[PDB]
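In the block that follows, a single chain appears as structure tokens, in the form solved without the partner chain.
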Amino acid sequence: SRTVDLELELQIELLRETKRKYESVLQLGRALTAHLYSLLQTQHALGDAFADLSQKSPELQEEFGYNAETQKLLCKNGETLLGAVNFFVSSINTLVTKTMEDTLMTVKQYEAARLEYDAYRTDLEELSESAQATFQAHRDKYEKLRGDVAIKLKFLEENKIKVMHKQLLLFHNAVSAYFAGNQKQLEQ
């Protein structure tokens, strides 16, 4: 036995998975950040290195400077990308750590309430003035949070889209542009 709200329960476990997956995109995102950092430095270094050998290697001066610059350039455009990914990682983290978390809070309570209700109810059953009353209390708290959950769940699926949609657009734009300005210059 149990007080099943099937429709809402599904929406709940669904939010729970969307949550996990997002926290995974969230990993990769952060990690991506770490690698961009690593490249930038390596490229910055390799830039100064190639530059130096060019300055002190006549026979290969053209080939070294050649590489020095592209590396010096890939370093800058690399910063831009790093910035944008950080903005991506950051904005979704809110959506997941604040907004989404918030709702999950009331989803907790509703489940607690939904449980103490089924709970008390079962005692009366196994046992069989205020008894009806307190039985009413439990029910009203459950039905109350039940409503809250249904409201918050829709305002979330609501913001989830407006955020992700904007965030994914920017991100793609950023990784893309991280090629428009690198080709138009590394091949210029």
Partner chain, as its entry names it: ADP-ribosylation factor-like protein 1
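What we label the rigid core is the largest C-alpha set whose atoms superpose within 1.5 Å from one form to the other. Numbering follows the first chain given and starts at 1. Shifts are known only where both forms have a C-alpha.
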query: Other entries lacking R121, at least a third; finding: no
query: Flanks modelled, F135 absent in at least a third of other entries; finding: yes
query: Sequence continuity check, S128 and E129 (deposited residues unmodelled); finding: 10 or more
query: Mean Cα B-factor comparison, 134-142 or 44-52, giving the higher one as deposited; finding: 134-142
query: 113-121 set against 78-86, stretch whose average Cα temperature factor tops the other in the entry; finding: 113-121
query: Selection by C-alpha B-factor (highest) of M164, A180, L170, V25; finding: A180
query: Record-listed C-alpha B factor of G147: chain third; finding: middle
query: Assigned third (lowest, middle, highest) for the C-alpha B factor of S57; finding: highest
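Keep in mind that the form solved in complex with the partner chain is not shown, yet the notes after this line are about it.
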| query | finding |
| --- | --- |
| Partner contact for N159 in the deposited complex: the partner chain, 4.5 angstroms, heavy atom | yes |
| Exercise: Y120 in contact with the partner chain in the deposited complex, heavy atom 4.5 Å | no |
| Heavy atom of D102 within 4.5 Å of the partner chain in the deposited complex | yes |
| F155 within 4.5 Å of the partner chain in the deposited complex, heavy atoms | yes |
| Heavy atom of each of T94, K98 and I151 within 4.5 Å of the partner chain in the deposited complex | yes |
| Threshold 2 Å Cα movement between this form and the one not shown at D123, rigid core reference | yes |
| Regions shifting between this form and the one not shown, defined as 3+ consecutive residues whose CA atoms all move 2 Å or more relative to the core | 1-4, 123-128 |
